[PDB]
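Protein chains in written order, with PDB author numbering: chain E, 178 to 352; chain D, 2 to 525; chain S, 1 to 97; chain T, 1 to 97.
Backbone N, C-alpha and C fix where the C-beta goes; we use that ideal spot for every residue, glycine too.
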Amino acid sequence: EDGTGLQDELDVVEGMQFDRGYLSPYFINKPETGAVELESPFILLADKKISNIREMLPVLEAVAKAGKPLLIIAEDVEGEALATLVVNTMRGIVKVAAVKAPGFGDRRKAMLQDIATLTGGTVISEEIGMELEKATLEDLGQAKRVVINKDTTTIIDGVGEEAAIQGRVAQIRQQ
Amino acid sequence: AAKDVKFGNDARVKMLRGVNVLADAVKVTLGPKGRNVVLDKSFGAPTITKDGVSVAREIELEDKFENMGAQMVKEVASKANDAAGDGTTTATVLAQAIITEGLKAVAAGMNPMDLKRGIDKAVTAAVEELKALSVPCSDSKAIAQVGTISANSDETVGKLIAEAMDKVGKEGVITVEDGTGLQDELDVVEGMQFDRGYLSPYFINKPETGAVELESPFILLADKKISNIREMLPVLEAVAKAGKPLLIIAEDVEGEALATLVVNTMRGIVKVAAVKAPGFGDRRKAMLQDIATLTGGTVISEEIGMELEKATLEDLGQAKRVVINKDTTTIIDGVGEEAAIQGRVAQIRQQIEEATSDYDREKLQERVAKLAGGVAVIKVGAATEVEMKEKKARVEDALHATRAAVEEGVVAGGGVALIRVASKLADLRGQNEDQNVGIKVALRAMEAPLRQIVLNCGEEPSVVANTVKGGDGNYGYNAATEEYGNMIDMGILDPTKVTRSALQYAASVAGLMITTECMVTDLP
Amino acid sequence: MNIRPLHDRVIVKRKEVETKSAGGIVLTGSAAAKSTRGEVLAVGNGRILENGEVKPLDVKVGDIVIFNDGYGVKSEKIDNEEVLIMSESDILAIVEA
Amino acid sequence: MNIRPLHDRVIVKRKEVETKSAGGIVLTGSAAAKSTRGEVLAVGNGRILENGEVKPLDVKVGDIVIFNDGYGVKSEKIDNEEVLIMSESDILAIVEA
Ligand SMILES: Nc1ncnc2c1ncn2[C@@H]1O[C@H](COP(=O)(O)OP(=O)(O)O)[C@@H](O)[C@H]1O
Ligand SMILES: [Mg+2]
């Protein structure tokens, strides 16, 4: 890429990263720049837009019981869910931030399984035998930390097994 | 489509001539005795300017190959402007000297790629030298000298600019506008101000001009427009209970709220005025948090955890007083703790260090200035509209030059700093002879800015240079007074940043340009 | 100034809308939804229809009730408070204990 | 705390929606449909229409019924559970055995 300075520079990226921003500017965990660092968060992958349909509470409350941060991946999140979310985070009930999926239907849907398997989580198949509140905290993936800014979301390390990691890579051989 | 191709010397000669035309037009505007260039426009009245970058932009050549040469040299002039906004004419001159000598080296049969490396290495060494020569610019008199020198030695310009930077502060925002009168005038604004008028013309507190002054008012910030949602009365009433004036900030206020409000203000029940937010939603919402924190108030989070009725009187921000007119709303001083004000500024540090630079930083700094600094506007006097253009343009160049001098320091003017550093680099050689010649070529090109100044003054460029070289340190020739002495004493200062940038940008384009073997262009 | 309802009309007041205690410790922000619970402020004479006797309402003042919020439910301001006016038929349930 | 219905109103709750046992062994997924089956949680006093004699409802508490989910069916949340409120007339059938 074109450099700002007159000097050549090298950048190395570790782990899974993608060009996604946060839908909740309000929730910043610590560093400024909209930076969010969640420690040992639960990761949620979904196939639908979230607005007026709040019904996912037992999944969200389950997270509250844990006392751990929640990372959300879905086609979109609107202000209704975000509004409840911002206040819940503000008082420390739950530390949760939501971001939009990778981008295009065949694009983001394809990249969701690997994110889920890498973090040991389960992708919510709206299409298949799964529903909005039908899914236990078990389903959510785990990572030691995540870095979120206005333009990008990064996962430090999702906890997943090598056989699953390698296996996802192995199915990639046809790809 | 179909192409016309030139190889070697024929290509370079055409390129050079194109460059020479561009540079010759640019050179006449360099120095105290520099002369104006007039740009023609079918749209209306022609523009006359001493600014080299503007002149460079307008030059295009009939010969396709010559045009190609001019277009490439055009960028150095334009790039220099982007960095410091000044020294663009000087940068073009360096490109002129470097290119001519470089091509001459190419003619000799030397490998231009090696020549380019020599030039590039020489440039790196020259840049390091400039930093050592650079001295801090802190006092008002030195700042005035750079402003005065930038504005083609106009003493009045330097005088006014120095007053403004000291007054507004280091992070303050200074702009320039045309003047109604024939005289130059400076306007300084303190506190939090924005270009927002009042929705209710009816509510005028004391001075007429749409002027509203509220004493110890409560400030309301909202994320919604109030049409039929008049409800919020317990909040308004709480203020009525308080007996204090109310200032309202929200996306919009309809006549329904205003109608009841007007009667309330006239008979003495409450004194309340409402104004629509800064402008665009991301921008208005972004500036609302600082307004609230500055005044000690709370922004109503319609979006998050707040409602129209829900909000106590204490939530509203407090200020000593505000000033409102049809075009603008100003707060004398919101009462907020110094730590919170500074804190908003502290979060702004990410905002300041932004990849965008142009546009984002200008607006950002304006917020910052309003938050803790000051804002200054300069009006320019002149009998006619075209005179005003020239005068105003130069003032901006001085403004950019002072900003550059403050941050990176200054070096002696008259091109003395480049010629003086050249003597230092007489010891620089590299990998092979072609590079050594390239290095040598750059050193010779350094001299040119000095001699153009003298040339424009009608005097022998070479004779003045010999005495200048003969001199020591800051010694040099003052073109305006037509005599030798200490350049610093004279008051002629070159910001280090413009001088450095000119050399760097000029050489980078020149190195690649001299290495061109073949040129491709469309047929006549 | 406490209102006297006219036969078969019951005056009740609505309780808090989407109270922040559903599903557990999760706070659900209001997203433009409304609640059917309230208390009976006043009881009318009874239902007049069919002349022979006036039947008293199967409700008493101060009860906590569940009702169907519909067109038949009217809103009035009492002592700068919100009160709803509806018939016995519109009240779906009684909350006891 | 439990619910006391307001005369002729019956409080019922639905069973499961499109349970995966239709046609035999095969599992048929949810196609965005609802179920008409329910149980009677509570019984109202009865019909108060025509003044004389308030007639008791034919349906006892704890029954399993089939009903017409029409306008006269309302939804209430009791102790964080979903319940339905409708009149006796809305209920179409009783599942006994
Ligand atoms: N009175 C002067 N005497 C000697 N040198 C001067 C005088 N005024 C300006 N200069 C020098 O000549 C340069 C060109 O002036 P300027 O018009 O501002 O060109 P830029 O547009 O700066 O190339 C200055 O940067 C400065 O070093
Ligand atoms: Mg200048």
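Below 8 Å between beta carbons: does that hold for residue i and residue j?
| i | j | result |
| --- | --- | --- |
| residue 13(S) | residue 81(S) | yes |
| residue 232(E) | residue 310(E) | yes |
| residue 46(D) | residue 381(D) | no |
| residue 502(D) | residue 470(D) | no |
| residue 498(D) | residue 409(D) | yes |
| residue 1(D) | residue 81(D) | Any answer about residue 1(D) is impossible in this case: the structure gives chain D only from 2 up to 525. |
| residue 94(S) | residue 4(T) | yes |
| residue 1(D) | residue 454(D) | Look at the range of chain D in this structure, 2 to 525, and you will see that residue 1(D) is not part of it. |
| residue 7(D) | residue 520(D) | yes |
| residue 78(S) | residue 39(S) | no |
| residue 67(S) | residue 91(S) | yes |
| residue 496(D) | residue 411(D) | yes |
| residue 89(D) | residue 52(D) | yes |
| residue 374(D) | residue 170(D) | yes |
| residue 413(D) | residue 292(D) | no |
| residue 315(E) | residue 351(D) | no |
| residue 98(D) | residue 466(D) | no |
| residue 178(D) | residue 366(D) | no |
Using 8 Å as the limit for Cβ to Cβ distance, is residue i near chain S?
| i | result |
| --- | --- |
| residue 246(E) | no |
| residue 14(T) | no |
| residue 74(T) | yes |
| residue 218(E) | no |
| residue 202(E) | no |
| residue 3(T) | yes |
| residue 68(T) | no |
| residue 94(T) | no |
| residue 238(E) | yes |
| residue 221(E) | no |
| residue 85(T) | yes |
Indicate whether at least one CB of chain E lies closer than 8 Å to the CB of residue i.
| i | result |
| --- | --- |
| residue 19(S) | no |
| residue 448(D) | no |
| residue 512(D) | no |
| residue 306(D) | yes |
| residue 432(D) | no |
| residue 351(D) | yes |
| residue 61(S) | no |
| residue 25(S) | yes |
| residue 348(D) | yes |
Strictly under 8 Å for the Cβ-Cβ distance: is residue i near chain T by that measure?
| i | result |
| --- | --- |
| residue 8(S) | no |
| residue 52(S) | yes |
| residue 79(S) | no |
Mind reading off the beta-carbon distance from residue i to residue j? Whole number of angstroms is fine, and I expect it under 8 Å.
| i | j | result |
| --- | --- | --- |
| residue 493(D) | residue 451(D) | Wrong, their Cβ atoms sit about 12 Å apart, outside the cutoff. |
| residue 407(D) | residue 158(D) | Incorrect: roughly 16 Å between the Cβ atoms, too far for contact. |
| residue 88(S) | residue 59(S) | 7 Å |
| residue 365(E) | residue 289(E) | Here chain E comprises residues numbered 178 to 352, so residue 365(E) is not present and cannot be evaluated. |
| residue 60(D) | residue 12(D) | Not quite, the Cβ-Cβ distance comes to about 20 Å (not below 8 Å), so this is no contact. |
Return yes when the C-beta of residue i is under 7 Å from any heavy atom of ligand 4, and no when it is not.
| i | result |
| --- | --- |
| residue 90(D) | In the structure shown, ligand 4 is absent; the only ligands present are ligand 1 and ligand 2. |
Would you say residue i faces chain D, with C-beta separation under 8 Å as the test?
| i | result |
| --- | --- |
| residue 210(E) | yes |
Would you say the region 176–191 of chain D touches the region 245–256 of chain D, given that touching needs at least three Cβ pairs under 8 Å? no
* Please confirm if the region 312–332 of chain E is in contact with the region 258–266 of chain E, defined as three or more CB-CB distances below 8 Å between the two stretches. => No contact exists between the region 312–332 of chain E and the region 258–266 of chain E.
(Q) Considering only heavy atoms of ligand 2 and the C-beta of each residue, which residues fall inside 5 Å, strictly closer? (A) 87(D), 151(D) and 398(D)
- Hey, is the region 204–218 of chain E in contact with the region 318–328 of chain E, meaning 3+ C-beta pairs nearer than 8 Å? yes
So does the region 84–100 of chain D actually touch the region 502–519 of chain D, counting three or more Cβ pairs closer than 8 Å? As far as the Cβ criterion goes, the region 84–100 of chain D touches the region 502–519 of chain D, which means the pair count is three or higher.
Do the region 291–302 of chain D and the region 220–229 of chain D meet, that is, are 3 or more Cβ pairs less than 8 Å apart? They touch, by the three-pair rule.
### Touching by the beta-carbon criterion (3+ pairs, under 8 Å), the region 394–414 of chain D and the region 142–152 of chain D
Between the region 394–414 of chain D and the region 142–152 of chain D there are three or more inter-stretch CB-CB distances shorter than 8 Å, so the stretches are counted as touching.
- Query: Does the region 22–36 of chain S come close enough to the region 10–30 of chain T to have 3 or more Cβ pairs within less than 8 Å?
  - Reply: no
Notebook entry, point to check: Counting pairs of Cβ atoms below 8 Å between the region 28–44 of chain D and the region 341–352 of chain E, do you hit three or more?
Noted result: No, because fewer than three Cβ pairs between the region 28–44 of chain D and the region 341–352 of chain E fall closer than 8 Å, the two stretches do not touch.
Do the region 193–202 of chain D and the region 262–274 of chain D make contact, defined as three or more Cβ pairs closer than 8 Å?
yes
Would you call the region 9–27 of chain D and the region 66–79 of chain D touching, i.e. three or more CB-CB distances under 8 Å? yes
Checklist entry - How do the region 115–126 of chain D and the region 506–513 of chain D stand: do at least 3 beta-carbon pairs fall below 8 Å, yes or no? => result yes
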